[PDB]
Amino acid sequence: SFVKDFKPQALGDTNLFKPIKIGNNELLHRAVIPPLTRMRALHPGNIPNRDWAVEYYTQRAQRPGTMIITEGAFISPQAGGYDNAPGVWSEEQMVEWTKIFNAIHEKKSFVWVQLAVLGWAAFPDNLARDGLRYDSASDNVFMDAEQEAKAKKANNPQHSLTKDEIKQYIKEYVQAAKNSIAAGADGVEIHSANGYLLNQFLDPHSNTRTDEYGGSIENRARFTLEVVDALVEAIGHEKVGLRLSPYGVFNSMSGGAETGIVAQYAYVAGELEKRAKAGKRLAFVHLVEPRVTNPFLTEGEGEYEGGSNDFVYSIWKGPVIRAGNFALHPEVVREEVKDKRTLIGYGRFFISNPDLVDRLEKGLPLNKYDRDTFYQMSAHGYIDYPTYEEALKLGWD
């Protein structure tokens, strides 16, 4: 059914419906599909779902000129640890990704692969089964008690990465980016948000290292910036974006409680602008808003009111995608898109509305989402959410 009490607003008269160029892509509107893990990939081999994934992305590519960022994709087996999330390291995987990218392009839309590395968010037992380490920045602080225990039971204690192991990850990032572009993707997004590996290095709670990769703002940012630089060299700045969540607490990141958090992220933005001014500007910076500090809490919950991402705009001068509880708040979007380099990512409501862009333009009701099927091995709650036309025919009005 449709969301009750929601009062839609037509946003067609705003910059949300003004074209913009991101990297090589001429977007026709500024409603972006942010990365959304769905767990339909099949085991073994972390293979994008052979039955449904093409259809899922085809549905959500239906509005011409839409920018789609894929679900997170593991750069290597060591970067993984969830059996049902996809990778981008193997030929078997790329066969399916190629079909997905082709389908998106047939609809005249665009696709950027998010490159994922779990660190302490991985399941230590899956990794142990596969002969892999359980990795993070440090070895004396853990995501939670349950993960620490899981790791110990599996004889796979949380491991603080050596410099060589960091270089190996960078090698894998480079190859994954190459794989993505060769298979037809328009670009890649480096995930450095939401408490996964790169975020675990950025955050002083999770990073207690005393070498060059921790112990200061510059040191904590080192790994993220090394990945940025490696990918810019490999496939070009116009094919690379970076995702950050300064105020996120998901996966045991610090958020606003850490008084140094804005400085940490301001430094990263500054380093990106420095590179931009020296001729290598990333295609975009993607920010999760303090509106959503944990994406598994219902909209309105876990909102941090003590911080704003606006600081980034004083530093980074390129496009900014902002995501977090915007679907239910057209009044907020109307104000944010007055800034002419701002795009809006819509996550949960793109899960439930394949034709979300039409609905935003025209001020239509939104399909309610079913959180139970966010992660599920099913077509149900994946490819059977109706368009507005289909919903009317089903009598949802």
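Note that residue numbering follows the sequence shown and begins at 1.
Comparing 147-155 with 107-115, the higher mean C-alpha B-factor in the PDB entry belongs to 147-155. When the mean C-alpha temperature factors of 284-292 and 97-105 are read from the deposited coordinates, 97-105 comes out higher.
Of the candidates 257, 197, 253, 73, it is 257 whose Cα B-factor is highest according to the PDB record. In this structure the maximum Cα B-factor among 246, 215, 319, 324 is found at 215. Ranked by C-alpha B-factor against the other modelled residues of its chain, residue 303 falls in the middle third.
Placement of the Cα temperature factor of residue 201 within the chain: middle third of the modelled residues, per the deposited record. Sort the modelled residues of the chain by CA B factor and residue 345 lands in the lowest third.
Ranked by Cα temperature factor within the chain, residue 330 sits in the middle third according to the deposited record. In this PDB entry, residue 142 carries a Cα temperature factor that places it within the highest third of its chain's modelled residues.
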